[PDB]
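[1] Sequence isn't available, so here's the structure alone:
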Ligand SMILES: Nc1nc2c(ncn2[C@@H]2O[C@H](COP(=O)(O)OP(=O)(O)NP(=O)(O)O)[C@@H](O)[C@H]2O)c(=O)[nH]1
Ligand SMILES: [Mg+2]
């Protein structure tokens, strides 16, 4: 197909849940066991083929540490989609993700497409967040949910493509 679409996507979530790893996996096909905490935000782009449309993602990978919270609107204002990420081995990171969802629903664009990534799914032997519980939470709040693993690549391209399809 010859159609071309471009959308702005932002990743939000508690520090260490794997936002930069998810983006690096999707954009560069890389995964680093040792990834330094992001300062402010990082920016990357990736273009994919969806049906007869070429979709380019402009991705803002935000730093999740609390000291950067006040910068968040600079990154999510104007975003057409967001991926809120938590770590399936850490319930507090899941609670933090719910508060990011609330902030987006109240302060971001009214028509933003919000996805929820239960990341580090490869560490299911240390699970702290029940899959069905997270799926129900996502369903009830109109969020596109998938468990992902930036480490193994599980559902990484899938979550970005599912978002593209809904934009
Ligand atoms: N097992 C596993 N480790 C992962 C996964 N995704 C990220 N990690 C690891 O978790 C750590 C932090 O990842 P990183 O992507 O930097 O997290 P972040 O959410 O960007 N942190 P910040 O918000 O501070 O920038 C790294 O050691 C990374 O290798 C995953 O899917 N599985
Ligand atoms: Mg990061």
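    Cool, the structure landed. Numbers count the residues shown, from 1 in each chain. Ligands and ions are numbered 1, 2, ... in the order given.

[2] what about the most centrally placed residue in the chain, which helix or strand?
    Taking CA atoms, centre = their mean, the centroid of the chain lies closest to residue 83, which sits 2.7 Å from it. Using DSSP states H and E, residue 83 falls within strand 81-87.

[3] got the residues of this protein near ligand 2?
    Counting by CB under 5 Å from the ion, the residues of the chain close to ligand 2 are 20, 38. Where you see a C-beta, it was placed from the backbone N, CA and C, and this is true even at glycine.

[4] What segments of the chain are helices?
    Applying DSSP state H to the chain gives helices spanning 19-28, 72-76, 91-107, 131-140, 156-166.

[5] My guess is residue 63 contacts residue 15. True?
    Yes: the criterion here is CB atoms under 8 Å, and residue 63 meets it with residue 15 at 7.2 Å.

[6] And these two? Which one has more around it.
    A direct count of neighbours by other CB atoms under 10 Å for residue 63 and residue 15 places residue 63 higher, at 20 against 15.

[7] Tell me, how many residues neighbour the closest residue in space to the more buried one that isn't next to it in sequence?
    For residue 63, ignoring the flanking residues on the chain, the nearest one in space by CB to CB, 6 or more residues apart in numbering is residue 38 at 3.9 Å. Residues near residue 38, counting by other CB under 10 Å, number 18.

[8] Now residue 135: closest residue in space that isn't a chain neighbour?
    In space, residue 135 is closest to residue 145, 5.7 Å off (CB to CB, 6+ apart).

[9] so residue 121 sits right up against residue 148, yeah?
    Yes: counting by CB under 8 Å, residue 148 is a contact partner of residue 121 at 6.0 Å.

[10] Tell me which of the two has more neighbours.
    Shown here are residue 121 and residue 148; by other CB under 10 Å, residue 148 has more neighbours (30 against 21).

[11] Might one say that the more buried one is in contact with residue 117?
    Yes: here residue 148 lies in contact with residue 117, judged by CB under 8 Å, at a distance of 4.9 Å.

[12] For residue 87, list each beta-bridge partner.
    Beta bridges link residue 87 to residue 119, judged by DSSP bridges.

[13] Next, the contact list for it, please.
    Shown in contact with residue 87 (CB atoms under 8 Å, 6 or more residues apart in numbering): 14, 16, 17, 18, 93, 94, 119, 120.

[14] what do you get if the cut-off is 6 Å, keeping everything else the same?
    Applying CB atoms under 6 Å, 6 or more residues apart in numbering to residue 87 gives the contacts 17, 93, 119, 120.
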